[PDB]
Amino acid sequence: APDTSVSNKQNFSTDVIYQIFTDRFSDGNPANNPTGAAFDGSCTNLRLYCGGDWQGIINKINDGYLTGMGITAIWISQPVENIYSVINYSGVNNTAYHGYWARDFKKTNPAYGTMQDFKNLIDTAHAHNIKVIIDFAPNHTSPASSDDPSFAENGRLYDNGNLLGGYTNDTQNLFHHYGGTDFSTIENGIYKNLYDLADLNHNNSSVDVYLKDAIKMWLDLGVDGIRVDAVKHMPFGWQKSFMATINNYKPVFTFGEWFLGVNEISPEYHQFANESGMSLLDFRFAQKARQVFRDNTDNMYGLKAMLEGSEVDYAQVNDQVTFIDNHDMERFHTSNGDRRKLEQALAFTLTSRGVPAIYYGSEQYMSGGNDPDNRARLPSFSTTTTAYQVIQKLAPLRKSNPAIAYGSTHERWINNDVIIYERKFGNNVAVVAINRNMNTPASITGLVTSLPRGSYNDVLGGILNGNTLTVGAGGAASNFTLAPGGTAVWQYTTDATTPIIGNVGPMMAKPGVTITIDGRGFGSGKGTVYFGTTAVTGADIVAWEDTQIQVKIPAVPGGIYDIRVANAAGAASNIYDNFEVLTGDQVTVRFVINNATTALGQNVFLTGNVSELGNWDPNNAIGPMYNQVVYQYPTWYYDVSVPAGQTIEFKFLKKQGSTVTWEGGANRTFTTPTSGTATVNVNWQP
C-alpha cells in the first residue's frame, strides 16, 4: 500500500495529528455521562466530567469537521477504565475526566463509551483515512494512601474485572512503597510515587506480564499508535522490553512524553529518543517555537539553530512529534496576543520536519493557562476561522509532497524576524517564508531555491498575506517585499528516479519481523534491501512499490545496522542508520551488585556478551547503575532489557572518565526467563 495509506501504522510523517481530550470535545451520547458530584454539564468546573465521548468524535468525523480540516490522525485520552471516585483536594472536587487514573487496563472507561463504541470509533476513523493514537499510562494506577485504605479506590488494579490488589496491604508488591518523589534525580523520579499516584512495580512478573497483555489487546482492537505517558518516570530497561513486545508483535508508531523547559537540553532525553525504541514529543522544537513566535524571547537565529542542531541530535528526526502547545503548557494564543502569531506558528509546524500535532481548539483560538485551564470544552465548531483554513490548506501537503513529509531543512534567507527555509526530498521541494514582525515589511533580495523556473502561487492563497514567487534560471527568485506578518508556502513535486528512504518503522525488532520502509523512487519491481552487507531479496520482501517496501529482518546477529535499498536496476539509496536488530524476545532483569565501593566520579556499569549488554565494550556498557532508592550504596542496581530464554555472560566494571576497572574472576553466567522478570544478586569479585 503507499506510504500515505491509513494502514501504515508504523510511520506518521505524512500525517497531521489532532490531539483530543475526549471529555472536552463533544458529548455525542448523554446517557453515558457520569452523574452527581462527578458531572458538570456546563463545564465550568474544569476538573469534573463535562460529558465528551467517543460518539462525539465519531460525529465530528462524519459531519466533516475533522476531515474538512485535513486531519489524518486523532490522539485521544487513555481509553481504559478509570476510578469512579470524586476526590476532594482541599476543597476542589476532582474526577478522572482526563483518563490518567486507571483501575483496569483491559476494560473501557464507560464515560467515553463501551468496547463496541471503541470499535465503532476505530472503524469510522479508518473509513475516513484517519489513524487513531491512544494514550497509555503504565507507570501508575490512581491516587492512593496505604495509610488510609478508604481514600479514593486505594489505587486498586483489576484484570478484566478481577481484583489483583490495592496499595494498602500490598503483600504481592504490585506497587512501589518508597514514598513520593522530590524529582531531585532521575532514579528518585522512577521508583518513588508521582504525587499520590500508586506507582506500579514493573519488576513484579505479574505487573510486567499484565501490562504487556493489556497493550496487545488494544493493538488487537486496531489502534494505530500509542503515546506513552511519564517515560522519564519508568525504568529505561523495562520500557525497552515493553517496546520490544509491541514491535515483535504488532509494531505501531509509539512516542513518549519527557517534558523539557525553555532552553533545557538534556542528553538523557536525546538518548531515550535514540535508543528506547520509541520517539518523543519534541519539546525542544515546541519551546523554541514559542520563544520565537509567541513570547519573543529569541529570534530567527535561535529558530535556525534549533532546526539545524535537532536534525543531528535526533537519530531519526522524522519520527519526533512537533507541536506549539498541548495539555502540559499554557495555550499558545493569549488574550492580548495577535492571532497572526498563532496562524504563523501553525503554518511553521505543519511544514516542518517530524509529525505535527495540533491541540484541539487551536483552530478556534482558545486561550487558557496551565492545567486545568488549558483543557476547556471547545467553544465552537466553526469551519470558517482563518486558523481552520490554514490547517485545511497545509495539512494535505504532508500526504502529497514528500519534501514536507521527509525532507531535509535548509535555511535559504534569514534575518532577526524573517526566515525562508526549504524542505527537499529528491526533486520535490517546498519553500516557506515567514516574517514574524507585524509592523515591518522585509525586502528579500538574493533568495536562491531548488525550485524549477516558474511562477509559484502561494499554497495559502494569500490569507496570511503571502505572494507569488517568480523563479528564474538557476532557482533564483525575483526580489520581493514580504508583508508585515507575511507567510507563504511555494512547492514543486515530481517523481524520484533514485530510491530515497524517508522513514523506517519500527527501528528495533528481532529477526523475522516485517519492517516498513517509506520514501520515493523504489520502483515497481522488487529490488534488494541491505541490512549492513546482508542482502534481502525475493520472498523475504513482503511488499515492494514505489513509496513503500515491507521486508522481514534477516537472521543476523543482534546489533545496530545501516539500511539501504537498491531498486531493480541496482541504483542504491541513502543509508538509513541506527536500526537495532534484537537478539530475540526481551525480558527485564534487575541486576544487583553488592560491595562495589567507588571513588568520586566512578560509577558501576554492566556489560556482557549480547548486543543488548554492549557486546563486551566498556564504551557501550549499561549504566551508570543506581544506588539510592531500591538498594543503597555500596549496593548498586539496574533494570536491563536482555534476551529471553538464554544463558548470557557478563561482568560488572567501574568507570571513571577513561579508566575502566573490570571485576576479577571468571565471567558470570545467568539463564534468563522466557517471560516475566528476574533478579540477579551478586557480590563484586575483586
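All residue numbers are counted from 1 along the displayed sequence.
Just going by the entry, 610 to 618 versus 210 to 218 on mean CA temperature factor gives the higher value to 610 to 618. For the pair 156 to 164 and 284 to 292, the mean Cα B-factor is higher in 156 to 164. Remark: of 395, 125, 76, 496, 496 shows the highest value [criterion: C-alpha B-factor in the PDB entry]. For the set 55, 658, 641, 32, the PDB entry assigns the largest Cα B-factor to 658.
In the deposited entry, the Cα temperature factor of residue 4 sits in the bottom third of values across the chain's modelled residues. When the modelled residues of the chain are ordered by C-alpha B-factor, residue 332 sits in the lowest third. Remark: residue 354 belongs to the lowest third of its chain, ranked by C-alpha B-factor as recorded. In the deposited entry, the Cα temperature factor of residue 199 sits in the middle third of values across the chain's modelled residues. Looking at the C-alpha B-factors along this chain, the one for residue 108 belongs to the middle third.
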